[PDB]
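**Q** Let me give you the structure first, and then I'll get to my questions.
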Amino acid sequence: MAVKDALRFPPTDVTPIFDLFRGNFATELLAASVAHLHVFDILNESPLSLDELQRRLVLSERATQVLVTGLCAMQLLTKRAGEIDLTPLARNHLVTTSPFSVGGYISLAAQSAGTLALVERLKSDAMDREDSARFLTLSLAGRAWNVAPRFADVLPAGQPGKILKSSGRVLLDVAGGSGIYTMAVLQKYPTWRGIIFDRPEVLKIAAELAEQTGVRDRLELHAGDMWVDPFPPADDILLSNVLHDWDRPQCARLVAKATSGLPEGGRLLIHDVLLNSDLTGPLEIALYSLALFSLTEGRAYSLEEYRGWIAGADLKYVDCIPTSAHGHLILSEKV
Amino acid sequence: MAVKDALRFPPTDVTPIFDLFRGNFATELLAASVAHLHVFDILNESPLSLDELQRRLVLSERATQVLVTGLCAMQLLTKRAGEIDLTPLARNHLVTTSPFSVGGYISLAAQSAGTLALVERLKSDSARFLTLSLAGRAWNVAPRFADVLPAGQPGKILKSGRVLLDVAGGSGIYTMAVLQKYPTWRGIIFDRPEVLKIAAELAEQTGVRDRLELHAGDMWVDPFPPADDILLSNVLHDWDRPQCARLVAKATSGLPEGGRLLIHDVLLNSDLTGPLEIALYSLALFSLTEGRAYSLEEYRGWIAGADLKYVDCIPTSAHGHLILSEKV
Ligand SMILES: O=c1cc(-c2ccc(O)cc2)oc2cc(O)cc(O)c12
Ligand SMILES: O=c1cc(-c2ccc(O)cc2)oc2cc(O)cc(O)c12
């Protein structure tokens, strides 16, 4: 009887709380860059290409990108013509021989557990399994309840579906456990059907929430390994906060595999945050990217980067539509 | 021969770097407040007075004020006539039973070393390296400080320039800049012997060593030397309110006619609800010292309690303010 409403917009915008919550990564990247990696003293000598800086810092491409993007977003580095240089603000205040340096003050955090953890991550690049997966899934679910109403509101209907025998569409939600985004879409589109594809420990949460939102009869839950197990037939495939967990080659692989099974007129829906096109900001996404770098194999990506993978899978890019909490729905179509 | 200039303004303003650097205290205060102290679930029951909240959270007065000030500055609590309440933003997203709660996401940081340290600090409430670390802020701010310090009256101690006594503080850089601006003045740095070694070096570099004396002592119990002006720069925020009142009284007690007490510090607004940059810095001070950031009204309370006359408040840089008071 009672039905949880997944379409009502939240009464306030939670986004500033997420932005404040990332503040530690500003402190940690500052302390890592001043006191451990010598970034500012190195670049003060001369601007360097990204490849040159990678080499001089002895860091992976990914580690160098997230470091450079973070410091650019804090207005401390600048990107020319490819080269990376200090801004006057960094040159005057974060170079050790500047009379106005405050590097010693920043270095008061050099040995904090957070700074050391981030340095180790950069350089190296009591709960059981069920409780741990539930705890993490329910923690990310709070963001989904805030964003899924927007997401469902801005998702276009698309073509009549080709899987159900005018037909609704089948929406497959890959590694989007909680499945909340799909449940909102199914409340908006009563003729559609949804499929959540994820690990079994996560599907338990989806089963509960599908009952609460009253879409259980139009939702299937499939356990599977997204890299190797076949995706079920679907009109639309959603990758929501998935691709930023993965490094570049894995992103291209996942986009290709999802695309391979789409019918003509099927859609790949990428829902994620966006760095700007030269990976210099904005600040709140650059700090969130450091969190993703610390916890996963990926980072935040730009629209241009997503469009590279889309184009490599021979999909047609359609549109980019903001949701909330810095999310963007990138729509592409199988041709 | 060579003379280090202490009067040229820096070409850029370092202040935003300090603000970015305090970001960990935003994360830690959110995770402490959601996951350990249940601040929002408690206040959702009913607005509470500061004293009521201090009892419910089982915190000291000082811990409760740095917590409440931080959350007000993040637009999560509000003060309105003396009670503390949630804002809609907090009620909607930081109360656990709200359907739009993100409390579980914030709690992903609940067991970080930084969060746990702040919780322990809240609930429980070398010098060469440290002095040389704070010296960089002073090199940025001292030019502006010297620029805005008024010359005042002819001094009473030299028999005329004024004698500026710089109590604690550290490097003595602010006094060196004043001595470059006013060649007839003299300065005294009062601090621990280890700190005075740094002042001695910097006094040679800035060419004021001959007009600068280095006095070692304990500021609470040893006699201050005679001075026209006494500077407390980034000192009072290290101390709780009774110790602030004590130190202001002791400094005031030896001022002559025309003497001045110079307080150089950051300022919270008058109802201790912000601004955010100072509220996060206040959490750092709470974590490392016995004090917190204070408001102008709080400083004026101590000034008036010592029978000084409040004169003016002049911004310097890195959020500093020079609060100028006169012996009457
Ligand atoms: O895919 C994600 C995985 C995690 C994560 C978070 C904490 C852990 O101990 C392990 C993994 O956090 C996230 C946080 C986000 O805001 C977004 C994500 O996609 C993820
Ligand atoms: O009086 C101060 C003491 C300290 C401090 C800093 C680090 C420690 O391990 C111990 C004390 O930091 C500060 C930082 C400031 O920005 C301002 C201060 O007055 C202080």
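In the structure tokens, the first chain shown is A, the next is B, and so on; residue numbers restart at 1 for each chain, and ligands run from 1 in the order shown.
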Give the residues of chain A that lie within 8 Å of chain B; count only C-alpha atoms, and format the answer as a PDB file with C-alpha atoms, in the first residue's frame.

**A**
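Contents of the output file iface-v9.pdb:
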```
ATOM      1  CA  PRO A  10      14.229  17.612  -2.446  1.00  0.00           C
ATOM      2  CA  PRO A  11      13.128  20.781  -0.640  1.00  0.00           C
ATOM      3  CA  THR A  12      16.694  22.169  -0.454  1.00  0.00           C
ATOM      4  CA  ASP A  13      19.851  21.547  -2.471  1.00  0.00           C
ATOM      5  CA  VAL A  14      22.298  19.342  -0.536  1.00  0.00           C
ATOM      6  CA  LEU A  20      32.257  21.466   2.328  1.00  0.00           C
ATOM      7  CA  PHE A  21      32.785  17.796   3.125  1.00  0.00           C
ATOM      8  CA  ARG A  22      35.660  17.554   0.583  1.00  0.00           C
ATOM      9  CA  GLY A  23      37.702  20.213   2.396  1.00  0.00           C
ATOM     10  CA  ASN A  24      40.263  17.785   3.820  1.00  0.00           C
ATOM     11  CA  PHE A  25      41.532  17.059   0.311  1.00  0.00           C
ATOM     12  CA  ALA A  26      42.455  20.732  -0.097  1.00  0.00           C
ATOM     13  CA  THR A  27      44.557  20.609   3.087  1.00  0.00           C
ATOM     14  CA  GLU A  28      46.101  17.269   2.148  1.00  0.00           C
ATOM     15  CA  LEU A  30      48.553  21.472  -0.218  1.00  0.00           C
ATOM     16  CA  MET A  74      43.127  26.262  -6.322  1.00  0.00           C
ATOM     17  CA  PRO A  88      52.054  34.407  -9.113  1.00  0.00           C
ATOM     18  CA  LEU A  89      50.123  33.351  -6.022  1.00  0.00           C
ATOM     19  CA  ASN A  92      55.178  34.247  -4.142  1.00  0.00           C
ATOM     20  CA  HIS A  93      53.808  32.105  -1.341  1.00  0.00           C
ATOM     21  CA  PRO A  99      60.403  36.133   1.130  1.00  0.00           C
ATOM     22  CA  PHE A 100      56.606  35.808   1.285  1.00  0.00           C
ATOM     23  CA  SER A 101      56.570  32.021   1.429  1.00  0.00           C
ATOM     24  CA  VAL A 102      54.140  30.338   3.794  1.00  0.00           C
ATOM     25  CA  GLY A 103      55.330  26.841   2.896  1.00  0.00           C
ATOM     26  CA  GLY A 104      56.472  26.272   6.460  1.00  0.00           C
ATOM     27  CA  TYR A 105      52.930  26.978   7.686  1.00  0.00           C
ATOM     28  CA  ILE A 106      51.409  24.524   5.172  1.00  0.00           C
ATOM     29  CA  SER A 107      54.030  22.024   6.302  1.00  0.00           C
ATOM     30  CA  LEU A 108      52.450  21.930   9.782  1.00  0.00           C
ATOM     31  CA  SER A 112      48.939  14.283   9.425  1.00  0.00           C
ATOM     32  CA  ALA A 113      47.484  10.844   8.756  1.00  0.00           C
ATOM     33  CA  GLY A 114      45.417  12.313   5.916  1.00  0.00           C
ATOM     34  CA  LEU A 138      23.210   2.868   2.170  1.00  0.00           C
ATOM     35  CA  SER A 139      25.726   5.713   2.492  1.00  0.00           C
ATOM     36  CA  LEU A 140      25.774   6.403  -1.239  1.00  0.00           C
ATOM     37  CA  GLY A 142      21.488   9.324   0.443  1.00  0.00           C
ATOM     38  CA  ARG A 143      23.048  11.094  -2.525  1.00  0.00           C
ATOM     39  CA  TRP A 145      17.644  10.046  -3.100  1.00  0.00           C
ATOM     40  CA  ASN A 146      18.655  13.691  -3.574  1.00  0.00           C
TER      41      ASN A 146
END
```

**Q** Mind the document's chain letters and residue numbers, and return as number ranges by chain the residues of range 54-303 of chain A that DSSP labels strand (DSSP E).

**A** A: 77-79, 84-86, 170-174, 193-198, 219-223, 236-240, 267-272

**Q** Using DSSP on the backbone coordinates, identify the residues of range 102-269 of chain A assigned to alpha helix (DSSP H); present them as a VMD selection string.

**A** chain A and resid 103 to 106 113 to 124 129 to 154 180 to 188 200 to 212 248 to 260

**Q** Counting only C-alpha atoms and all ligand atoms, which protein, DNA or RNA residues come within 8 Å of ligand 1, given as a PyMOL selection string?

**A** (chain A and resi 136+140+240-245+288+291-292+295-296) or (chain B and resi 105+108)

**Q** Okay, now the selection with N, CA, C and O atoms, as a PDB file, in the first residue's frame?

**A**
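Below is the file that was written, again-v1.pdb:
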```pdb
ATOM      1  N   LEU A 136      28.148   0.695   2.905  1.00  0.00           N
ATOM      2  CA  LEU A 136      28.562   1.575   1.827  1.00  0.00           C
ATOM      3  C   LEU A 136      27.398   1.880   0.891  1.00  0.00           C
ATOM      4  O   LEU A 136      27.209   3.033   0.492  1.00  0.00           O
ATOM      5  N   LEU A 140      25.957   5.766   0.064  1.00  0.00           N
ATOM      6  CA  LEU A 140      25.774   6.403  -1.239  1.00  0.00           C
ATOM      7  C   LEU A 140      24.299   6.611  -1.585  1.00  0.00           C
ATOM      8  O   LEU A 140      23.984   7.473  -2.416  1.00  0.00           O
ATOM      9  N   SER A 240      25.940   5.140 -13.664  1.00  0.00           N
ATOM     10  CA  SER A 240      25.800   6.310 -12.804  1.00  0.00           C
ATOM     11  C   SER A 240      26.868   6.213 -11.730  1.00  0.00           C
ATOM     12  O   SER A 240      26.828   5.298 -10.915  1.00  0.00           O
ATOM     13  N   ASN A 241      27.817   7.158 -11.725  1.00  0.00           N
ATOM     14  CA  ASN A 241      28.913   7.156 -10.748  1.00  0.00           C
ATOM     15  C   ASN A 241      29.681   5.848 -10.782  1.00  0.00           C
ATOM     16  O   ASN A 241      30.158   5.372  -9.746  1.00  0.00           O
ATOM     17  N   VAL A 242      29.805   5.278 -11.975  1.00  0.00           N
ATOM     18  CA  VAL A 242      30.558   4.046 -12.203  1.00  0.00           C
ATOM     19  C   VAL A 242      31.870   4.342 -12.892  1.00  0.00           C
ATOM     20  O   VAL A 242      32.923   3.885 -12.455  1.00  0.00           O
ATOM     21  N   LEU A 243      31.824   5.088 -13.998  1.00  0.00           N
ATOM     22  CA  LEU A 243      33.031   5.210 -14.818  1.00  0.00           C
ATOM     23  C   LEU A 243      34.151   5.929 -14.067  1.00  0.00           C
ATOM     24  O   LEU A 243      35.331   5.624 -14.272  1.00  0.00           O
ATOM     25  N   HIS A 244      33.809   6.857 -13.158  1.00  0.00           N
ATOM     26  CA  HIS A 244      34.869   7.563 -12.437  1.00  0.00           C
ATOM     27  C   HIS A 244      35.590   6.669 -11.427  1.00  0.00           C
ATOM     28  O   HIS A 244      36.616   7.088 -10.881  1.00  0.00           O
ATOM     29  N   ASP A 245      35.132   5.423 -11.225  1.00  0.00           N
ATOM     30  CA  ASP A 245      35.858   4.457 -10.398  1.00  0.00           C
ATOM     31  C   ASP A 245      37.007   3.773 -11.129  1.00  0.00           C
ATOM     32  O   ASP A 245      37.755   3.004 -10.484  1.00  0.00           O
ATOM     33  N   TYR A 288      36.734  16.421  -5.138  1.00  0.00           N
ATOM     34  CA  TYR A 288      36.051  15.132  -5.197  1.00  0.00           C
ATOM     35  C   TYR A 288      36.873  14.125  -5.998  1.00  0.00           C
ATOM     36  O   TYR A 288      36.947  12.939  -5.636  1.00  0.00           O
ATOM     37  N   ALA A 291      39.288  12.492  -3.821  1.00  0.00           N
ATOM     38  CA  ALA A 291      38.638  11.428  -3.055  1.00  0.00           C
ATOM     39  C   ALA A 291      38.507  10.162  -3.895  1.00  0.00           C
ATOM     40  O   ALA A 291      38.785   9.062  -3.418  1.00  0.00           O
ATOM     41  N   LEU A 292      38.066  10.303  -5.153  1.00  0.00           N
ATOM     42  CA  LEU A 292      37.916   9.129  -6.021  1.00  0.00           C
ATOM     43  C   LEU A 292      39.269   8.481  -6.310  1.00  0.00           C
ATOM     44  O   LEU A 292      39.393   7.240  -6.348  1.00  0.00           O
ATOM     45  N   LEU A 295      40.262   6.319  -3.378  1.00  0.00           N
ATOM     46  CA  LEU A 295      39.421   5.177  -3.055  1.00  0.00           C
ATOM     47  C   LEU A 295      39.247   4.182  -4.191  1.00  0.00           C
ATOM     48  O   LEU A 295      38.757   3.068  -3.938  1.00  0.00           O
ATOM     49  N   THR A 296      39.592   4.553  -5.424  1.00  0.00           N
ATOM     50  CA  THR A 296      39.258   3.767  -6.602  1.00  0.00           C
ATOM     51  C   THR A 296      40.440   3.791  -7.562  1.00  0.00           C
ATOM     52  O   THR A 296      41.497   4.368  -7.258  1.00  0.00           O
TER      53      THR A 296
ATOM     54  N   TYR B 105      26.628   9.304   4.190  1.00  0.00           N
ATOM     55  CA  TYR B 105      27.758   9.697   3.358  1.00  0.00           C
ATOM     56  C   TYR B 105      28.786  10.481   4.178  1.00  0.00           C
ATOM     57  O   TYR B 105      30.001  10.220   4.106  1.00  0.00           O
ATOM     58  N   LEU B 108      31.114   8.412   6.332  1.00  0.00           N
ATOM     59  CA  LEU B 108      32.258   7.720   5.747  1.00  0.00           C
ATOM     60  C   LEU B 108      33.573   8.257   6.277  1.00  0.00           C
ATOM     61  O   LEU B 108      34.596   7.554   6.205  1.00  0.00           O
TER      62      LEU B 108
END
```

**Q** Can you pull out every residue with an atom within 6 Å of ligand 2? Use only C-alpha atoms and all ligand atoms and format it as a ChimeraX atom specification.

**A** /B:234-235,238,288

**Q** If you measure from CA of residue 69 in chain A to CA of residue 227 in chain A, what distance in Å do you get, rounded to one decimal?

**A** 29.3 Å

**Q** Just want the 8 Å neighbourhood of range 175-187 of chain B, counted on only C-alpha atoms, with same-chain residues fewer than 5 positions away dropped. Output as an MDAnalysis selection string.

**A** chainID B and resid 6:7 142:143 146:147 160:166 203 206 208 211:213

**Q** Go through B:60, B:124, B:46, B:233 and flag the residue nearest residue 261 in chain B, using only C-alpha atoms for the distances.

**A**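 Between B:60, B:124, B:46, B:233, the residue approaching residue 261 in chain B most closely is B:233.
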
**Q** Could you work out how far CA of residue 246 in chain A lies from CA of residue 269 in chain A, giving the answer in Å with one decimal?

**A**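 Calculated distance between CA of residue 269 in chain A and CA of residue 246 in chain A is 16.7 Å.
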
**Q** Residues at most 7 Å from residue 309 in chain A, counting only C-alpha atoms, excluding those fewer than 3 positions away in the same chain, as a PyMOL selection string?

**A** chain A and resi 252+255+305-306+312-313

**Q** Can you spit out the residues from that selection as a short mmCIF file (atom, residue, chain, number, x, y, z; two decimals), in the first residue's frame, using N, CA, C and O atoms?

**A**
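Okay, result-v6.cif is ready:
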```cif
data_model
loop_
_atom_site.label_atom_id
_atom_site.label_comp_id
_atom_site.auth_asym_id
_atom_site.auth_seq_id
_atom_site.Cartn_x
_atom_site.Cartn_y
_atom_site.Cartn_z
N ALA A 252 37.06 2.71 -21.33
CA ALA A 252 36.77 2.44 -22.73
C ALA A 252 36.19 1.04 -22.89
O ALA A 252 35.28 0.83 -23.69
N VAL A 255 32.47 0.99 -21.65
CA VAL A 255 31.60 1.68 -22.60
C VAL A 255 31.38 0.81 -23.83
O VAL A 255 30.24 0.67 -24.31
N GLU A 305 36.55 13.86 -22.35
CA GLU A 305 37.04 12.50 -22.12
C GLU A 305 35.92 11.47 -22.31
O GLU A 305 36.08 10.48 -23.03
N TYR A 306 34.75 11.70 -21.69
CA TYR A 306 33.61 10.82 -21.95
C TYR A 306 33.29 10.74 -23.45
O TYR A 306 33.06 9.64 -23.99
N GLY A 312 34.67 6.35 -29.54
CA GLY A 312 35.40 5.12 -29.81
C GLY A 312 34.52 3.90 -29.85
O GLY A 312 34.92 2.89 -30.43
N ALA A 313 33.34 3.95 -29.25
CA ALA A 313 32.39 2.86 -29.31
C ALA A 313 31.40 3.03 -30.45
O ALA A 313 30.46 2.24 -30.59
#
```

**Q** Would you pick out the contacts of residue 149 in chain B at 10 Å or less, using only C-alpha atoms, so that residues sharing its chain but fewer than 2 positions from it are not included, and give the list as a list in words?

**A**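 After dropping sequence-adjacent residues, the list is residues 144, 145, 146, 147, 151, 152, 178, 181, 262, 314, 316, 322, 323 and 324 of chain B.
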
**Q** List the neighbours of range 250-257 of chain B out to 9 Å using only C-alpha atoms; skip same-chain residues closer than 3 positions along the sequence, and give me the result as a list in words.

**A**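 Once the adjacent positions are removed, what remains is residues 156, 157, 167, 219, 220, 224, 225, 226, 227, 228, 229, 230, 245, 246, 247, 260, 261, 303, 306, 307, 308, 326, 327 and 328 of chain B.
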
**Q** Take the residues that were just selected and, keeping N, CA and C atoms, output them as a PDB file, in the first residue's frame.

**A**
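Dumped everything to selection-v7.pdb:
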```pdb
ATOM      1  N   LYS B 156      56.990  58.365  26.184  1.00  0.00           N
ATOM      2  CA  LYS B 156      57.274  58.726  27.566  1.00  0.00           C
ATOM      3  C   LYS B 156      58.437  57.951  28.149  1.00  0.00           C
ATOM      4  N   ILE B 157      58.932  56.940  27.450  1.00  0.00           N
ATOM      5  CA  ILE B 157      59.946  56.045  27.999  1.00  0.00           C
ATOM      6  C   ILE B 157      61.355  56.484  27.613  1.00  0.00           C
ATOM      7  N   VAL B 167      54.898  41.157  23.053  1.00  0.00           N
ATOM      8  CA  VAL B 167      54.792  40.101  24.059  1.00  0.00           C
ATOM      9  C   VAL B 167      54.408  38.797  23.391  1.00  0.00           C
ATOM     10  N   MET B 219      55.419  35.503  30.550  1.00  0.00           N
ATOM     11  CA  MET B 219      54.580  36.702  30.456  1.00  0.00           C
ATOM     12  C   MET B 219      53.560  36.781  31.598  1.00  0.00           C
ATOM     13  N   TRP B 220      53.254  35.652  32.236  1.00  0.00           N
ATOM     14  CA  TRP B 220      52.240  35.667  33.288  1.00  0.00           C
ATOM     15  C   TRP B 220      52.786  36.201  34.598  1.00  0.00           C
ATOM     16  N   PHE B 224      56.912  42.949  32.874  1.00  0.00           N
ATOM     17  CA  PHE B 224      57.130  43.532  31.561  1.00  0.00           C
ATOM     18  C   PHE B 224      58.054  44.746  31.676  1.00  0.00           C
ATOM     19  N   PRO B 225      58.931  44.952  30.711  1.00  0.00           N
ATOM     20  CA  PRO B 225      59.734  46.192  30.691  1.00  0.00           C
ATOM     21  C   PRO B 225      58.871  47.393  30.348  1.00  0.00           C
ATOM     22  N   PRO B 226      59.311  48.587  30.722  1.00  0.00           N
ATOM     23  CA  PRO B 226      58.569  49.800  30.349  1.00  0.00           C
ATOM     24  C   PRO B 226      58.446  49.956  28.841  1.00  0.00           C
ATOM     25  N   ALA B 227      57.247  50.352  28.404  1.00  0.00           N
ATOM     26  CA  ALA B 227      56.954  50.555  26.986  1.00  0.00           C
ATOM     27  C   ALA B 227      55.830  51.559  26.823  1.00  0.00           C
ATOM     28  N   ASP B 228      55.801  52.206  25.651  1.00  0.00           N
ATOM     29  CA  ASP B 228      54.652  53.042  25.310  1.00  0.00           C
ATOM     30  C   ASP B 228      53.525  52.213  24.697  1.00  0.00           C
ATOM     31  N   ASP B 229      53.866  51.279  23.810  1.00  0.00           N
ATOM     32  CA  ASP B 229      52.919  50.422  23.111  1.00  0.00           C
ATOM     33  C   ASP B 229      53.233  48.972  23.440  1.00  0.00           C
ATOM     34  N   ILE B 230      52.186  48.193  23.670  1.00  0.00           N
ATOM     35  CA  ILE B 230      52.332  46.767  23.902  1.00  0.00           C
ATOM     36  C   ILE B 230      51.505  46.032  22.858  1.00  0.00           C
ATOM     37  N   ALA B 245      41.571  37.818  29.872  1.00  0.00           N
ATOM     38  CA  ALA B 245      41.334  38.980  30.709  1.00  0.00           C
ATOM     39  C   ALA B 245      42.551  39.271  31.572  1.00  0.00           C
ATOM     40  N   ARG B 246      43.188  38.219  32.094  1.00  0.00           N
ATOM     41  CA  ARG B 246      44.376  38.368  32.929  1.00  0.00           C
ATOM     42  C   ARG B 246      45.502  39.017  32.144  1.00  0.00           C
ATOM     43  N   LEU B 247      45.726  38.556  30.902  1.00  0.00           N
ATOM     44  CA  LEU B 247      46.875  39.060  30.159  1.00  0.00           C
ATOM     45  C   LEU B 247      46.660  40.501  29.729  1.00  0.00           C
ATOM     46  N   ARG B 260      49.481  52.585  24.656  1.00  0.00           N
ATOM     47  CA  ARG B 260      48.476  51.906  23.853  1.00  0.00           C
ATOM     48  C   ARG B 260      48.640  50.413  24.017  1.00  0.00           C
ATOM     49  N   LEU B 261      47.515  49.702  24.012  1.00  0.00           N
ATOM     50  CA  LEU B 261      47.503  48.258  23.880  1.00  0.00           C
ATOM     51  C   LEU B 261      47.088  47.946  22.444  1.00  0.00           C
ATOM     52  N   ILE B 303      39.160  44.816  27.047  1.00  0.00           N
ATOM     53  CA  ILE B 303      39.718  46.161  27.014  1.00  0.00           C
ATOM     54  C   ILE B 303      39.017  47.057  28.041  1.00  0.00           C
ATOM     55  N   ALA B 306      39.835  46.352  31.678  1.00  0.00           N
ATOM     56  CA  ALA B 306      41.119  46.883  32.107  1.00  0.00           C
ATOM     57  C   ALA B 306      41.146  48.415  32.143  1.00  0.00           C
ATOM     58  N   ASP B 307      40.008  49.068  31.911  1.00  0.00           N
ATOM     59  CA  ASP B 307      39.849  50.516  31.971  1.00  0.00           C
ATOM     60  C   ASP B 307      40.632  51.252  30.884  1.00  0.00           C
ATOM     61  N   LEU B 308      40.943  50.570  29.782  1.00  0.00           N
ATOM     62  CA  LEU B 308      41.436  51.181  28.556  1.00  0.00           C
ATOM     63  C   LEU B 308      40.280  51.806  27.781  1.00  0.00           C
ATOM     64  N   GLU B 326      43.685  52.782  24.167  1.00  0.00           N
ATOM     65  CA  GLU B 326      44.551  53.776  24.796  1.00  0.00           C
ATOM     66  C   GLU B 326      44.403  53.778  26.313  1.00  0.00           C
ATOM     67  N   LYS B 327      45.525  53.976  27.000  1.00  0.00           N
ATOM     68  CA  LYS B 327      45.523  54.164  28.449  1.00  0.00           C
ATOM     69  C   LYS B 327      45.022  55.561  28.739  1.00  0.00           C
ATOM     70  N   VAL B 328      44.053  55.672  29.650  1.00  0.00           N
ATOM     71  CA  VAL B 328      43.443  56.975  29.966  1.00  0.00           C
ATOM     72  C   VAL B 328      43.650  57.405  31.429  1.00  0.00           C
TER      73      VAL B 328
END
```

**Q** Identify, on the basis of only C-alpha atoms, every residue whose closest approach to residue 32 in chain A does not exceed 10 Å; exclude the query and any residue fewer than 5 positions from it along the same chain; express the result as a tab-separated table (two decimals) with N, CA and C atoms, in the first residue's frame.

**A**
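Below is the file selection-v1.tsv, written as the result:
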```
chain	number	residue	atom	x	y	z
A	26	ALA	N	41.70	19.50	0.14
A	26	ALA	CA	42.46	20.73	-0.10
A	26	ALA	C	43.67	20.81	0.83
A	27	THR	N	43.45	20.60	2.13
A	27	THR	CA	44.56	20.61	3.09
A	27	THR	C	45.61	19.58	2.71
A	37	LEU	N	56.32	16.52	-2.10
A	37	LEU	CA	56.56	16.34	-3.52
A	37	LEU	C	57.35	17.48	-4.14
A	38	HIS	N	57.53	18.59	-3.43
A	38	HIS	CA	58.34	19.71	-3.92
A	38	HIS	C	57.79	20.31	-5.22
A	39	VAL	N	56.46	20.23	-5.43
A	39	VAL	CA	55.86	20.65	-6.71
A	39	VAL	C	56.23	22.09	-7.06
A	67	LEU	N	46.77	15.61	-9.24
A	67	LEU	CA	47.55	16.61	-8.52
A	67	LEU	C	47.52	17.94	-9.27
A	106	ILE	N	52.05	25.68	5.81
A	106	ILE	CA	51.41	24.52	5.17
A	106	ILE	C	52.03	23.22	5.65
A	107	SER	N	53.34	23.24	5.91
A	107	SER	CA	54.03	22.02	6.30
A	107	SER	C	53.67	21.56	7.70
A	109	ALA	N	50.98	20.51	8.45
A	109	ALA	CA	50.12	19.37	8.20
A	109	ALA	C	50.84	18.24	7.48
A	110	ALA	N	52.17	18.33	7.32
A	110	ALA	CA	52.88	17.38	6.46
A	110	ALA	C	52.81	15.95	6.99
A	111	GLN	N	52.64	15.79	8.29
A	111	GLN	CA	52.68	14.47	8.90
A	111	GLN	C	51.33	14.03	9.41
A	114	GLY	N	46.01	12.05	7.22
A	114	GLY	CA	45.42	12.31	5.92
A	114	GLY	C	46.44	12.69	4.85
A	115	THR	N	47.38	13.57	5.19
A	115	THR	CA	48.39	13.94	4.21
A	115	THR	C	49.25	12.74	3.84
A	116	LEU	N	49.74	12.00	4.85
A	116	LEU	CA	50.56	10.83	4.57
A	116	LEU	C	49.83	9.81	3.71
A	117	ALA	N	48.53	9.60	3.97
A	117	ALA	CA	47.75	8.66	3.16
A	117	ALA	C	47.69	9.12	1.71
A	118	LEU	N	47.47	10.42	1.50
A	118	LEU	CA	47.37	10.90	0.13
A	118	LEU	C	48.71	10.79	-0.57
A	119	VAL	N	49.81	11.09	0.15
A	119	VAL	CA	51.14	10.95	-0.44
A	119	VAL	C	51.39	9.51	-0.85
A	120	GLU	N	51.09	8.58	0.05
A	120	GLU	CA	51.29	7.16	-0.26
A	120	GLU	C	50.47	6.73	-1.47
A	122	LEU	N	49.40	8.67	-3.95
A	122	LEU	CA	49.98	9.30	-5.14
A	122	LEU	C	51.23	8.54	-5.57
```

**Q** Find, counting only C-alpha atoms, the residue in A:188, A:91, A:326, A:267 that gets nearest to residue 161 in chain A.

**A**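 Nearest to residue 161 in chain A: A:267.
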
**Q** Between A:71, A:323, A:63, A:228, which has the minimum distance to residue 34 in chain A (counting only C-alpha atoms)?

**A** A:71

**Q** Which one of B:209, B:215, B:123, B:241 sits closest to residue 168 in chain B if you count only C-alpha atoms?

**A** B:215
